[PDB]
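Undergrad: First, the structure itself, so that you have it in front of you.
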Amino acid sequence: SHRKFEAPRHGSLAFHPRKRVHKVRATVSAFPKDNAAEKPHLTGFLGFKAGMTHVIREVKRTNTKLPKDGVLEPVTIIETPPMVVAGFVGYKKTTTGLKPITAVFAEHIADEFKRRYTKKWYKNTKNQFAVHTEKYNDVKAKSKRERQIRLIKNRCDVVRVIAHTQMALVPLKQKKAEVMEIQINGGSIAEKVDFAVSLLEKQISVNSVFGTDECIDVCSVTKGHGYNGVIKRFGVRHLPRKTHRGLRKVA
Amino acid sequence: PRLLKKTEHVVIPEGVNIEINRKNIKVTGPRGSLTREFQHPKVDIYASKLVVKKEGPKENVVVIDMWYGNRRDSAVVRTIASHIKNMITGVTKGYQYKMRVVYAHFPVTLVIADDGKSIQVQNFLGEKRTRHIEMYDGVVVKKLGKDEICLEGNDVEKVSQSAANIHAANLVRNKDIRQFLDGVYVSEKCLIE
Amino acid sequence: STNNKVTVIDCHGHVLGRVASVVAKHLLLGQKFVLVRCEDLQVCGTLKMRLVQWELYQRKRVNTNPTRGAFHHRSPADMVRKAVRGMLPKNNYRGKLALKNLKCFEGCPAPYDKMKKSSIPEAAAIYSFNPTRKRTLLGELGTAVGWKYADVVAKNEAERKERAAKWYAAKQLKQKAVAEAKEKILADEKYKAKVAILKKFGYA
Amino acid sequence: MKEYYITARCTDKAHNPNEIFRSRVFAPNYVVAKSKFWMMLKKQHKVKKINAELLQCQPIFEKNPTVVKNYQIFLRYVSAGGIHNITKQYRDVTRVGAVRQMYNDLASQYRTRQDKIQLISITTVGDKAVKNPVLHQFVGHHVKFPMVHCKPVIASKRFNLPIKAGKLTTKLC
Amino acid sequence: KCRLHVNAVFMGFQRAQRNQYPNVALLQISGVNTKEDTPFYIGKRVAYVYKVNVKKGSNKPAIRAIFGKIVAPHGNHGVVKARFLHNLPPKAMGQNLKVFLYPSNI
Amino acid sequence: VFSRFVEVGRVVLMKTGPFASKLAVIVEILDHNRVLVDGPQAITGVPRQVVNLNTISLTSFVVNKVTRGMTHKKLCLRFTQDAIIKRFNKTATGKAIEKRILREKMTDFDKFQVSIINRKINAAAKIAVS
RNA sequence: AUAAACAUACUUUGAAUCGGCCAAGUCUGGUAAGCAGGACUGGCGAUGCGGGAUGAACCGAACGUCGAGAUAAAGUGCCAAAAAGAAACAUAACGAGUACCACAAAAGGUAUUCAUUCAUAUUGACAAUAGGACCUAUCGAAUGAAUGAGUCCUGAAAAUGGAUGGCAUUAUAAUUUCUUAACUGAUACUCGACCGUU
RNA sequence: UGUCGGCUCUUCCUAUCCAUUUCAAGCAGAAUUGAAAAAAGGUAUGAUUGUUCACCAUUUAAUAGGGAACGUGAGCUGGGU
RNA sequence: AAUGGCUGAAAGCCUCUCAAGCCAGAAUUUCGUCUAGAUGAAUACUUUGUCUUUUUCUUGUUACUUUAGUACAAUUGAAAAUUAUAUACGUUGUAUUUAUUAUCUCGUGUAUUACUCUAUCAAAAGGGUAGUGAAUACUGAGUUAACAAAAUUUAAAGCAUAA
């Protein structure tokens, strides 16, 4: 038969299946569409949320009925210490999506970036980025770097910088840095790399990425709630009190 | 039924040169050059010299011939032979579609770009919306007088279509068409010469 | 023997259902097939009616769990591998050993760019069609149903015609000079004894 | 298809034994020809095979099967509505050849199987007496057309290969 | 060194829609496209030469064969029928055989 | 414009049949598919018969002043007046048919010499170009 | 006329069974039913095998164990053993495709092919342009009306996602007819071997 | 094969009630009426009766019609039977 | 999409097209964005530089160990486009497996290469330069074969050290 009275379905089907993530950081799955007629610019950052607080904001809009005194609004304070660029990677568009062609890395790598390549640092010999650093200036291993740059300028369409946070400036107990690939959107690939190479080992501050009164698309991983029933998870109607074998479930 | 041979031909006046490359006709004339693609895979277009008048000499013509074929596909010879005739006329005596504006109570103001490549219709039936209506390539809009415009151009398929795009953007919705007889209409279609 | 060579089929202007019946029979005959350009293939019917034939094929999907249901592959490389997979034995060993010898690439990858391409006379669109019947390139339909990699194949192809046309120019100058020299030594006096043997059988 | 010349006479009280029923029947063999002839007597002259005898049954070979003639065929066929009469024109070098066309086109255009058509008379008409819209265009002296969008012709089935080498092109022919 | 055979593909056994008679094996000889070119091949020896990996502690050879003949044509495409001393394994379907040139009649 | 038309008098090449690769002269067009080839039986050997357009191939020679339904006595004069046999043997297909006939007569000793000689000449041609 | 000696005529004793069902160039009650009830015959019951993709009844054909060959129904684009050529009416569409069988109607169409009847057709028939329904000039070959027969389109709407069997075809690998002393194929037919009954 | 209804929940059909895009009117405007594309979204609160159904009082843009073993009893309730 | 249209035949006129070619138009479809996601890619460090099987150490993986056996650089594989295809020719008439004159030895230089190797410049190239070797054409001469043999493509045992 037909349901007696029609109702809006509970929960969203665009998120099924509801699989919890593993890595705490949420990878940004898409970057703004590249515009080829502007100076190259970073299109992202990475900050650690701290909390929330309320503000009284003066209304600067037109033809609105909000009080002239102020509007009480909630804000969120995201602490973002400057990040350190530690290389870059050039992607290429093939018939199976992007394909990372090469990846050039800086010389001096901080100990907060080496930790990401190990699962037990206190026993690890901590030899990460050692052969790369010791042979950085050799002529054989300098032509290889110059070869990688010419490969990217010729057979690549997307350039991203492998920037990592600094964990000594945040009160978190974690020590290893969090690595993010921030795409560069701007002029042709000739000047993207020249911009990416100019950023190596150089700290980047948030004001060089974002601007005042700019809207952004925050991407993150929600709060953890563990096993939950049907009433909390989806929102169905709790059954009457008389019910046998319990109430809070789908019938 | 299946015609053994259906033939058509178009005369080439003395001012125009026509060259064909696999049904990609290029027509050159005093007003400019026009090109079209006739992608019917069953006809061949080749220039030739044929006696058109009963008691006349040979004249340069473009001959379109379609051999054994049903009446559904044989109808395209005269369509191809007439699209060419509008490319010879167009580049010799350009086209022009004079257009009027009809309104009942609300005056309509037309804003034409400096180059003439675009128009702008304001205050249609008092509506606050300002329709743009951009023209095609090689079509120029100009204001002849009061409540009248004319669209100069070479390609009839682009002048006329651009003339039907202005009228399609000024339709009356949710109202009796038989009385609210507004819009912009094609008064007459003629040639520049 | 051991037929280890690969029979590359150039699928420019063939028919999807006829270039795949010949492959399906010949895959089971211990042959290896690589169908380059499975995106230029042709199917009968205008673009409007080739979407109704796809909307029908998009409905068939397991109700209780769509993640089990018919996976409707859009890439024209996979719209010919599915077409071949329909004419091969289903759910046994012989229908899979013969399906590992089949490949489509929409473009033309490196090792198959420089191989002796073949053709199937029974599958050509010029032999089995009324020229007024309206066809549809597989690549043209693939984009209409959400194929995101159609500009890449065109760009890769545009850089393959400009690298094979400049190779032809260097190839034809050497081939013309060699042929012009072979005529010189055919008329050589010292080679008159050998030429009369070739001339007798029409080889000169 | 073949043409036969069949004659027979009736020997009983109703019919005199001095009338001979000739016929020129078209049938694939001579036993399907007698069947057409016997039922033509019985439905028209009340003569049954038990009360008659076959006198002659010979094939009629074409005298000049090297000359092209315009054949005119008068026939009647049965449709789901009623019974009609048709008169189709055919070009072929033999009488037994122009009839074979009549069965194929009738069984295709009108979807009437061959056991509904009664061939009444087949004669030869002139050049200008061809009323068919399509047949009329090829009877002239100066008819010429290019056979285009051809397909390459192989010598025999031996040279036909399942898979070829190189690109395939048609012929201006 | 030299080639003295034409590689015929083991298509399968003489069967029906829902049957199989493994006493007779069909072959698609390379180069034969009609049943009128088969009159030559009726009689020529055919061998299914295969290879078996063996351990060093055994006597059996690493290359064996199953010899047979061509007995009659089949269909109008030049497919032939071959009868072997031991019916070919169904693991050879699609593989290549050898069609020798003896007993010759030329 | 199409060069080779299917008219009366056009010399056609019968590709398939017992008379494969023989010259025939059209003397009638029954309809769009069937013609009446009469490549004079006393010259080429193709008798008068109705053939399909899917068996013959056109040649660029038209016998001059040939009317439809010509007799064998008079068609033989026009065919031998223009000497189609002399002209046909010089074209690309004429040299292809004679080439096929010679290589058919080749024995195994004749196939060995040509391969052993062509390779020597072909390699010597490649040496001669720097 | 034809068949009939393991022919013909029986005698005694006795077992099982009397819930039946299906097909139709048949019938009755019923609006109708995979409904109820019958006459003649064949089957399923009691029955496998080759074919209809699957099916108790449909088509071929009834079975000891086999080997080789021609066959029957029916098919020969691939799954699938096996076919090439010829002609047409269709196919700008989930239209066409193995009967029983798993559906489609009345009606409408200036959609298309063929045929029939009638009329106007020349130095002048229609459309068109120009001038004064009708006439003239130019334009120069077919034109107009009615009827019949195929094919096609609308008519055509139901609940899990799916069924010419699937893939797929579109001057076919569809529908209708044909040509070639072509091909494929059952446990049935022929020959040979072996077991048993008479 | 646990045999009515209701509560809870999901999905499907279109012979569409609202929203979107269009034609027709005896469409001047407003209101309305007939039909076409289209099932991605939405389609209520209560008094009496065990009721499906019904009839009333309101509200909304609309308060459309149906199927899933007359959906749903080791899901409930036991009002009726 | 329904619908409104443009040029336009059929059918000299008319027509949005049960014709070729196009435009405008939905809460529609597809990219874009959101969530889950398989085969993959790059980089870092440890190795390995032809090869696997069996026992065996570890929580487990790789490297590693022992006794074996196996080949040792050098002729393969690309025009594109159209099919009513500029004109000419129809160049006919067997796709991969399957296009080398048995082996070895002695001989002069030249020339060639989608050949091998090294160095360099470059390179997600059948790339350029230089050198060397191989094969081949000019193009040789000579020895040997009779009986048997011309099958590798993988087996069996360990845990010292390192990550």
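Identifiers for the structure tokens are assigned positionally: chains receive A, B, ... in sequence, residues are indexed from 1 per chain, and ligands are indexed from 1 in the order shown.
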Taking only C-alpha atoms into account, what are the residues of chain E at most 7 Å from chain C, put as a ChimeraX atom specification?

TA: /E:7,9,11,94-97

Undergrad: Next, dump the selected residues to file, keeping only N, CA and C atoms, as a CSV table (one decimal), in the first residue's frame.

TA:
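The resulting out-v5.csv:
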chain,number,residue,atom,x,y,z
E,7,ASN,N,50.7,-23.4,-39.1
E,7,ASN,CA,50.2,-23.5,-37.7
E,7,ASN,C,48.7,-23.4,-37.8
E,9,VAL,N,45.1,-23.6,-35.7
E,9,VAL,CA,44.5,-23.3,-34.4
E,9,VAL,C,43.6,-24.4,-34.0
E,11,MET,N,40.5,-25.1,-32.6
E,11,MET,CA,39.3,-24.4,-32.3
E,11,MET,C,38.5,-25.1,-31.2
E,94,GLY,N,42.4,-23.1,-28.6
E,94,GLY,CA,43.0,-21.9,-28.9
E,94,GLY,C,44.5,-21.9,-29.2
E,95,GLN,N,45.2,-22.9,-28.9
E,95,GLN,CA,46.6,-23.0,-29.1
E,95,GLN,C,46.9,-23.4,-30.6
E,96,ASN,N,48.1,-23.5,-30.9
E,96,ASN,CA,48.6,-23.7,-32.3
E,96,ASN,C,49.1,-25.2,-32.4
E,97,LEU,N,48.8,-25.8,-33.5
E,97,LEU,CA,49.3,-27.1,-33.8
E,97,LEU,C,50.3,-27.0,-34.9

Undergrad: Using only C-alpha atoms, select each residue of chain D with any atom at most 9 Å away from an atom of chain F, and give the selection as a list in words.

TA: residues 65, 66, 67, 68, 91, 92, 93, 134, 135, 137, 138, 139, 141, 142, 143, 144, 145, 146, 147, 148, 150, 151, 152, 153, 154, 155, 156, 172 and 173 of chain D

Undergrad: Excluding same-chain residues fewer than 3 positions from residue 170 (chain G), what lies within 12 Å of it counting only C-alpha atoms (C1' of nucleotides), as an MDAnalysis selection string?

TA: (chainID C and resid 15 17 43:45 125 128:135) or (chainID G and resid 90:93 95:96 173:174)

Undergrad: At a cut-off of 7 Å, using only C-alpha atoms (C1' of nucleotides), what residues contact residue 43 (chain H)? Leave out same-chain residues fewer than 3 positions from it and give the result as a PDB file with N, CA, C and O atoms (P, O5', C5', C4', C3', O3' and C1' of nucleotides), in the first residue's frame.

TA:
ATOM      1  N   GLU A   6       2.583  11.524   3.884  1.00  0.00           N
ATOM      2  CA  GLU A   6       3.929  11.623   3.351  1.00  0.00           C
ATOM      3  C   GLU A   6       4.789  12.536   4.219  1.00  0.00           C
ATOM      4  O   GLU A   6       4.303  13.505   4.806  1.00  0.00           O
TER       5      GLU A   6
ATOM      6  P     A H  62      -2.990  26.656  -1.282  1.00  0.00           P
ATOM      7  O5'   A H  62      -2.621  25.173  -1.723  1.00  0.00           O
ATOM      8  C5'   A H  62      -2.897  24.705  -3.035  1.00  0.00           C
ATOM      9  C4'   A H  62      -2.646  23.224  -3.140  1.00  0.00           C
ATOM     10  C3'   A H  62      -3.186  22.391  -1.989  1.00  0.00           C
ATOM     11  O3'   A H  62      -4.541  22.020  -2.181  1.00  0.00           O
ATOM     12  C1'   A H  62      -0.918  21.844  -2.360  1.00  0.00           C
ATOM     13  P     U H  63      -5.727  22.790  -1.420  1.00  0.00           P
ATOM     14  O5'   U H  63      -5.578  22.346   0.100  1.00  0.00           O
ATOM     15  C5'   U H  63      -6.080  21.092   0.549  1.00  0.00           C
ATOM     16  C4'   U H  63      -5.088  19.988   0.297  1.00  0.00           C
ATOM     17  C3'   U H  63      -5.337  18.688   1.057  1.00  0.00           C
ATOM     18  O3'   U H  63      -4.896  17.592   0.259  1.00  0.00           O
ATOM     19  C1'   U H  63      -3.221  19.545   1.636  1.00  0.00           C
TER      20        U H  63
END

Undergrad: So the first atom is CA of residue 35 (chain A) and the second is CA of residue 185 (chain A); what is the distance between them in Å, to one decimal place?

TA: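 These atoms are spaced 6.5 Å apart.
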
Undergrad: Where in region 68-109 of chain D does DSSP assign strand (DSSP E or B), given as an MDAnalysis selection string?

TA: chainID D and resid 69:78 83:92

Undergrad: Show me, as number ranges by chain, the residues of chain I whose atoms get within 10 Å of chain D, using only C-alpha atoms (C1' of nucleotides) for the distance check.

TA: I: 82-85, 90, 92-96

Undergrad: Could you please select, counting only C-alpha atoms (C1' of nucleotides), the residues of chain G within 12 Å of chain F and state them as a ChimeraX atom specification?

TA: /G:85-87

Undergrad: Fewer than 5 positions away in the same chain doesn't count, so skip those; otherwise give me all residues within 12 Å of residue 89 (chain C), counting only C-alpha atoms (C1' of nucleotides), as an NGL selection string.

TA: (:C and (24-25 or 27-28 or 84 or 94-99)) or (:G and (78-80 or 166-167))

Undergrad: List every residue of region 65-222 of chain A that DSSP, applied to the backbone of this structure, places in alpha helix (DSSP H), and write the result as a ChimeraX atom specification.

TA: /A:111-114,131-134,139-154,189-198

Undergrad: Could you write out that same residue set with N, CA and C atoms as a tab-separated table (two decimals), in the first residue's frame?

TA:
chain	number	residue	atom	x	y	z
A	111	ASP	N	63.24	18.57	11.46
A	111	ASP	CA	62.94	17.30	12.10
A	111	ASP	C	61.44	17.07	12.29
A	112	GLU	N	60.61	18.09	12.10
A	112	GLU	CA	59.17	17.90	12.17
A	112	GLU	C	58.59	17.35	10.88
A	113	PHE	N	59.36	17.40	9.79
A	113	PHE	CA	58.93	16.85	8.52
A	113	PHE	C	59.45	15.44	8.30
A	114	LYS	N	60.62	15.13	8.84
A	114	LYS	CA	61.16	13.78	8.72
A	114	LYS	C	60.30	12.76	9.45
A	131	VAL	N	70.77	11.10	2.53
A	131	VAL	CA	71.50	10.96	1.27
A	131	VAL	C	71.13	12.09	0.32
A	132	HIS	N	69.87	12.53	0.36
A	132	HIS	CA	69.45	13.65	-0.47
A	132	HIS	C	70.16	14.93	-0.07
A	133	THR	N	70.33	15.15	1.24
A	133	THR	CA	70.98	16.38	1.70
A	133	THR	C	72.49	16.33	1.46
A	134	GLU	N	73.12	15.19	1.73
A	134	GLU	CA	74.58	15.12	1.65
A	134	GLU	C	75.08	15.24	0.22
A	139	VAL	N	77.66	17.69	-8.57
A	139	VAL	CA	77.30	18.06	-9.94
A	139	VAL	C	76.36	17.03	-10.55
A	140	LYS	N	76.59	15.75	-10.25
A	140	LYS	CA	75.71	14.70	-10.76
A	140	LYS	C	74.29	14.87	-10.23
A	141	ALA	N	74.15	15.17	-8.94
A	141	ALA	CA	72.85	15.34	-8.33
A	141	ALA	C	72.33	16.77	-8.40
A	142	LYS	N	73.08	17.68	-9.02
A	142	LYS	CA	72.56	19.01	-9.32
A	142	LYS	C	71.96	19.07	-10.72
A	143	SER	N	72.52	18.32	-11.67
A	143	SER	CA	71.91	18.24	-12.99
A	143	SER	C	70.58	17.50	-12.94
A	144	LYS	N	70.45	16.52	-12.04
A	144	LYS	CA	69.17	15.83	-11.88
A	144	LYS	C	68.09	16.78	-11.40
A	145	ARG	N	68.42	17.67	-10.47
A	145	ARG	CA	67.45	18.67	-10.03
A	145	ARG	C	67.09	19.62	-11.17
A	146	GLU	N	68.10	20.10	-11.90
A	146	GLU	CA	67.82	20.98	-13.03
A	146	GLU	C	67.06	20.25	-14.13
A	147	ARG	N	67.24	18.93	-14.24
A	147	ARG	CA	66.47	18.15	-15.19
A	147	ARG	C	65.01	18.06	-14.77
A	148	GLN	N	64.76	17.89	-13.47
A	148	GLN	CA	63.38	17.78	-13.00
A	148	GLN	C	62.59	19.05	-13.28
A	149	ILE	N	63.23	20.21	-13.12
A	149	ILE	CA	62.54	21.47	-13.36
A	149	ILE	C	62.14	21.60	-14.83
A	150	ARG	N	63.04	21.22	-15.74
A	150	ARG	CA	62.73	21.32	-17.16
A	150	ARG	C	61.66	20.32	-17.57
A	151	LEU	N	61.58	19.18	-16.88
A	151	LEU	CA	60.50	18.23	-17.13
A	151	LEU	C	59.15	18.82	-16.76
A	152	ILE	N	59.08	19.51	-15.62
A	152	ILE	CA	57.81	20.06	-15.15
A	152	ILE	C	57.36	21.22	-16.03
A	153	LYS	N	58.30	22.06	-16.47
A	153	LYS	CA	57.93	23.18	-17.33
A	153	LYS	C	57.39	22.73	-18.68
A	154	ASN	N	57.68	21.50	-19.10
A	154	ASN	CA	57.32	21.01	-20.42
A	154	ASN	C	56.15	20.04	-20.41
A	189	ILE	N	52.87	27.78	-16.83
A	189	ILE	CA	53.69	26.86	-16.06
A	189	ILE	C	55.14	27.31	-15.98
A	190	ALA	N	55.59	28.13	-16.93
A	190	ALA	CA	56.94	28.66	-16.85
A	190	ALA	C	57.13	29.50	-15.60
A	191	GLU	N	56.14	30.32	-15.25
A	191	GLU	CA	56.25	31.20	-14.10
A	191	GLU	C	55.65	30.63	-12.82
A	192	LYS	N	54.86	29.55	-12.91
A	192	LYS	CA	54.45	28.86	-11.70
A	192	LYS	C	55.65	28.23	-11.01
A	193	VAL	N	56.46	27.49	-11.76
A	193	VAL	CA	57.64	26.85	-11.17
A	193	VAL	C	58.60	27.90	-10.65
A	194	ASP	N	58.84	28.96	-11.43
A	194	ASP	CA	59.72	30.03	-10.98
A	194	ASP	C	59.21	30.66	-9.69
A	195	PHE	N	57.89	30.66	-9.49
A	195	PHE	CA	57.33	31.08	-8.21
A	195	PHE	C	57.48	30.00	-7.16
A	196	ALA	N	57.29	28.73	-7.54
A	196	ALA	CA	57.42	27.64	-6.58
A	196	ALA	C	58.86	27.48	-6.11
A	197	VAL	N	59.82	27.60	-7.03
A	197	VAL	CA	61.23	27.50	-6.66
A	197	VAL	C	61.63	28.66	-5.76
A	198	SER	N	61.04	29.84	-5.96
A	198	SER	CA	61.37	30.99	-5.13
A	198	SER	C	60.87	30.84	-3.70

Undergrad: Excluding residue 84 (chain F) and its own-chain neighbours fewer than 3 positions away, which residues fall within 9 Å of it when counting only C-alpha atoms (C1' of nucleotides)? Please give them as a PyMOL selection string.

TA: chain F and resi 11+23+61-63+79-81+87-89

Undergrad: Using only C-alpha atoms (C1' of nucleotides), determine which residues of chain B fall within 10 Å of chain I; present them as a PyMOL selection string.

TA: chain B and resi 20-23+37-45+65-67+71-83+86+155-165+167-169

Undergrad: If you count only C-alpha atoms (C1' of nucleotides), which residues fall within 8 Å of region 117-123 of chain F, apart from same-chain ones fewer than 4 positions away, as a list in words?

TA: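 Selected residues are residues 182, 185, 186, 194 and 198 of chain C; 113 and 127 of chain F; 136 and 137 of chain I.
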
Undergrad: Define the interface residues of chain A facing chain I as those within 6 Å, counting only C-alpha atoms (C1' of nucleotides), and report them as a PyMOL selection string.

TA: chain A and resi 15+17+99-100+102+128

Undergrad: Could you write out as a list in words the residues of chain B within 12 Å of chain H, counting only C-alpha atoms (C1' of nucleotides)?

TA: residues 173, 174, 175, 176, 177, 178, 179 and 180 of chain B

Undergrad: Next, the residues of the selection above should be written as a compact mmCIF listing (two decimals), in the first residue's frame with N, CA and C atoms.

TA:
# COMPACT_ATOMS: atom_id res chain seq x y z
N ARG B 173 4.73 37.34 -21.44
CA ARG B 173 4.44 36.09 -20.75
C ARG B 173 3.26 36.28 -19.81
N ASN B 174 2.41 35.25 -19.73
CA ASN B 174 1.25 35.24 -18.84
C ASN B 174 0.26 36.35 -19.17
N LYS B 175 0.21 36.77 -20.43
CA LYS B 175 -0.69 37.83 -20.85
C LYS B 175 -1.25 37.51 -22.22
N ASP B 176 -2.40 38.10 -22.52
CA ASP B 176 -3.11 37.87 -23.78
C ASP B 176 -2.29 38.43 -24.93
N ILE B 177 -1.77 37.54 -25.78
CA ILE B 177 -0.94 37.98 -26.89
C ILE B 177 -1.76 38.76 -27.91
N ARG B 178 -3.03 38.42 -28.08
CA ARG B 178 -3.85 39.05 -29.11
C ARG B 178 -4.09 40.53 -28.85
N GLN B 179 -3.85 41.01 -27.63
CA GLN B 179 -4.01 42.43 -27.33
C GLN B 179 -2.71 43.12 -26.97
N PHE B 180 -1.89 42.52 -26.11
CA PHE B 180 -0.57 43.07 -25.78
C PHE B 180 0.39 42.76 -26.93

Undergrad: So how far away is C1' of residue 17 (chain H) from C1' of residue 60 (chain H), in Å?

TA: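 Interatomic distance here is 12.4 Å.
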
Undergrad: Write out as a Markdown table a residue-level contact list of chain G versus chain B with cut-off 12 Å: for each qualifying residue the closest pair of atoms and the distance in Å to one decimal, counting only C-alpha atoms (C1' of nucleotides), rows sorted by chain and residue number upward.

TA:
| residue | atom | partner | partner_atom | distance |
| --- | --- | --- | --- | --- |
| G:111 | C1' | B:72 | CA | 10.6 |
| G:112 | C1' | B:71 | CA | 9.3 |
| G:113 | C1' | B:1 | CA | 7.8 |
| G:114 | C1' | B:1 | CA | 10.5 |
| G:140 | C1' | B:54 | CA | 10.5 |
| G:171 | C1' | B:69 | CA | 11.4 |

Undergrad: Within 10 Å of chain G, which residues of chain E show up when using only C-alpha atoms (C1' of nucleotides), listed as a count of residues only?

TA: 14

Undergrad: Quick one: pull the distance between CA of residue 83 (chain A) and CA of residue 123 (chain A), Å, one decimal.

TA: 27.4 Å

Undergrad: When the cut-off is 8 Å and we count only C-alpha atoms (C1' of nucleotides), which residues of chain G are near chain D, given as an NGL selection string?

TA: :G and (87-89 or 113-115 or 149-150 or 176-178)
